[PDB]
Amino acid sequence: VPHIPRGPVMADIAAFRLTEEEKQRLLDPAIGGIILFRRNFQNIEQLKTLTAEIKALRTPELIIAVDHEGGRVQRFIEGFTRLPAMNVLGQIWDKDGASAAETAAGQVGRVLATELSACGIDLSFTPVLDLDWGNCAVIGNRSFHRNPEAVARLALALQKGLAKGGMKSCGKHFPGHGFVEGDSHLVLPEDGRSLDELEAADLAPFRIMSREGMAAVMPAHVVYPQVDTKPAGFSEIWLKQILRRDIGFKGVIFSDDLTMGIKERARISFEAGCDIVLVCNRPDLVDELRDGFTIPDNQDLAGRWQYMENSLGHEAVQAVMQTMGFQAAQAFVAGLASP
Amino acid sequence: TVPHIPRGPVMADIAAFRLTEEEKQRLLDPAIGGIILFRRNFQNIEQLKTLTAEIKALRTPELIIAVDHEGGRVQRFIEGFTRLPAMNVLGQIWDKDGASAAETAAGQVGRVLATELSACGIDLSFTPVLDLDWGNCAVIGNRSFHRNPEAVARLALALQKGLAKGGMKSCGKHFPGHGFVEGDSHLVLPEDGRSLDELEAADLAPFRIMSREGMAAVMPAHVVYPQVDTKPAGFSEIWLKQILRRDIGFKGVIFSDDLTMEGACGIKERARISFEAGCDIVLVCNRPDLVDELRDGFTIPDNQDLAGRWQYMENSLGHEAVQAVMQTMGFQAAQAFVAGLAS
């Protein structure tokens, strides 16, 4: 089994099992991980086979991720506990108070991560830390709450739950996607607010999560003209000056999906301060990108990938899932997802 | 005097709070028939009335002005307007208090939504969403009335009656149904793998019913349905001519999917394929440069139905008549009721 460092590109796969073409593509040194989607899921046993064959190609093993946020963002349904939307936890905060909501968030995190860990997944791209300003449909009910304190505290509780399931957290979408409108038209409108306004609200959950060991951040494809004319994901000011130096974040900075040529788009992401670029739904663009690709010099990259590897072994996870307390967490979380 | 020019097949937009001279010249072009407004075009009620008046004064028939006021997280104009609830609130009323209470509530939401916009010189809101809440699509999310096509159809019809009291027609979206796909990445073209039979049993039914009952316009989904066509709905003859025009019998406006192709990241070709697929009117937003490129030497495609399709959407209520209705106790009670749903 070839020993190749994990490269700075996260790619994806077409269907339920790897094809030979996909195997050769995943051997490229540009690639360090894979993101899975609903089209990659048939059942639990197929999924375990898929993640095993991805893992068997090379060492260090390719990091595997998925979007399991809850509600209308949960790729794998059949055989998993149905997860509630994150705004349901914010509704519990308003109705039954902070303590009940935090406890609920902890259980959602635990269930979410553990069930994925059992299938060979390393990481879910969660939580959303965007604030519910009542402006952005594409975020919508994926946001915990309007109030930065509720978001911060619900996210921290979810994070602790994720860690019990073996996973780190990935906060999104830095520095805050909640204020802009985002619905039926495909252009990214500006967020015209000042840095002071963002520090008072949208940035606070990111600061707090960073301090408490958040492993990864994904930037917003949003321009904040009072801070920089570039979108956050392509901005040295946002990613190096604000996120790295001022906030002190030491983890992975993912790019969002750069499909939206690709070589230049990836270059500007890396120059801005992203560690890893995501290229989804477009194996052609991954092939274009990797051909003659120069891996940017990033001495921190290997450790940043390895921090995201799942912390639970296969047997350890099978043991936790037989416990009465985990089975009770499952039933509790399932109940939050139904009326 | 004020020039008499037919409304063209392009809907464009504007940069800020008042027209610039360049925008005025652009809006005189015979390629243009209407304007879509966004939050960036809104400062206050009085500025908005001035903006719509100056747009209207350029030519006759007056340019059609539209906006996205759905409710909840899709409401462009906030300050001085009643805050509108998300459409799923009406579906929650359906589940809890029954169809009659929900329909009555939908009628009031429609009335408030349309009347307040009509007062500002707006012709049309791009509402309602007829997408079904399959529990799959975040970008639709709470903008859908309900999971069940019957509830969606009936809530939409009641909203439509409300809209008409405020002077407006309706625009159903996103044909043939955006509810089943996942949609949490802004720029991605989702794939809905279902058969036409599956869509006829559910997602298409609200569109059929709204069409029969006088829906004025449809906006297509930026979604590929591979079992029916390899092209997205807004670029598909099968979806727009075969299914929507001939099978369903829809006679209103088909707006375009405003999509810049991998070629352009030009516009003349993109507009051409939209018209060839069956769109009446193409939207070009946030890119006055592409509107300028498009209109220069533009040949207006021959569409004998276009003039009447635009005119059906013109607001039915006069400016003074609306200012009078808004002072009535029954309208002010509608406002407070709708505001309460949004809390």
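We number chain B the same way Swiss-Prot does; the residues here are 2-266, 270-347, in that order.
If you're wondering, the header gives X-ray crystallography, 2.2 Å.
Backbone N, Cα and C atoms are what each Cβ position is placed from, and that goes for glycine too.
The active site, proton donor/acceptor annotation in Swiss-Prot covers B:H187, and the record cites sequence analysis as its basis. Feature annotation from Swiss-Prot assigns active site, nucleophile to B:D258; the stated evidence is sequence analysis. Annotated substrate binding site per Swiss-Prot: B:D69, B:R77, B:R144, B:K174, B:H175, in sequence order. Residues annotated as site 'Important for catalytic activity' in Swiss-Prot: B:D185.
Counting only the Cα atoms, the space from the residue listed as 'active site, nucleophile' to B:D69 (substrate binding site) is about 15 angstrom.
One thing to note is that 3 residues go unmodelled from B:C266 to B:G270, and the Cα atoms at each side are 9 Å apart.
Distance between Cα atoms for B:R144 (substrate binding site) and the residue listed as 'active site, proton donor/acceptor': 16 Å, as a whole number.
The subset of recorded positions B:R144, B:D185, B:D258 lying near chain A, with Cβ atoms under 8 Å apart, consists of B:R144, B:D185. Per-site Cβ counts within 10 Å over the recorded positions B:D185, B:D258 peak at B:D258. Listed binding-site residues: B:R77, B:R144, B:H175; maximum Cβ neighbour count within 10 Å falls on B:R144. Taking the Cα atom of each, B:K174 (substrate binding site) and B:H187 (active site, proton donor/acceptor) are about 17 angstrom apart. Taking Cβ-Cβ distances under 8 Å and a sequence separation of 6 or more, the neighbours of B:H187 (active site, proton donor/acceptor) in its chain are B:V140. Recorded residues B:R77 (substrate binding site) and B:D185 (site 'Important for catalytic activity') have their alpha carbons 21 Å apart, per Cα-Cα distance.
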